[PDB]
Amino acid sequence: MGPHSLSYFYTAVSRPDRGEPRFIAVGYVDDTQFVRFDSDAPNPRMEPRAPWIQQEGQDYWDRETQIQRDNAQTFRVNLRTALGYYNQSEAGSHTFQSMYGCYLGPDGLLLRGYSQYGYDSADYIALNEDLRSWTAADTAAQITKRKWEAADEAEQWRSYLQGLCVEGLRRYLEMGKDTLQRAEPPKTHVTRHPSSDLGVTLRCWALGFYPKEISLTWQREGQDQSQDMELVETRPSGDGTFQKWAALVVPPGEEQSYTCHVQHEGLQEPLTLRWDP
């Protein structure tokens, strides 16, 4: 099991001549969503989206709620400011995003951290690996970089990532240990689907695994077959786990020459499988 992380994802969208912008926030420990915020909800609050965070008292909900209401206002200002920087009209919808978080080392201290901002689906500004400096994607973002340098905003990020961020992560990991500190390995199988006199499809499935990281490959006696393999995007099961499959077309009668190979952090050893009716 790799290093654990705490991360947050914010989205604000402008709706012109149709009211003020919408602000959504979500929080995760690894791939497990544990909280949400939605500026459209009555008396909007940071809400639980996992069972183990409900333990937290009212003081934790009130503080987390207030921080998200302030963010929503800050992102509305940002959307306005960006129109000026890019000389854009009032007519169109625009999007402003942020993603940030921390990772926990084997010593129980900060391993690494990040903080990124994007405008209209493009990089805007990002905190560097050293947590002491910024990378601006273009001349507009350079204005922000100068402003945040003047305010030494990087120092405020570094102190959070080293302190409160990893403090919260350790709390969440202990509180939800039964689920968060447990890797669930994949349940695997191979299906066969005839196609023509030239080919039969072999599909290698991986089901019910957690976390989402996985490696699925096909080999023909030692040589990887990725070139014309169909590898779908990792997809949610709906219960907190993930699925994936990888398929290839092989000549009829040569199914036993192909093996599927699966690596995941929940497996004591990698798996090898084949079509075995």
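Just count from 1 along the sequence shown to find any residue number.
For the pair 37-45 and 229-237, the mean B factor over Cα atoms is greater in 37-45. When the mean C-alpha temperature factors of 115-123 and 73-81 are read from the deposited coordinates, 73-81 comes out higher. Take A91, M99, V200, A140 and read off each C-alpha B-factor from the entry; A91 has the highest. Taking only the listed residues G27, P211, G222, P251, the entry reports the highest CA temperature factor at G222.
Split the chain's modelled residues into thirds by C-alpha temperature factor. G176 is in the highest one.
Looking at the C-alpha B-factors along this chain, the one for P186 belongs to the lowest third. Annotation for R132: C-alpha temperature factor in the middle third relative to the rest of the modelled chain, per the entry. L161 sits in the middle third of its chain by CA B factor, as recorded in the PDB entry. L110 sits in the middle third of its chain by CA B factor, as recorded in the PDB entry.
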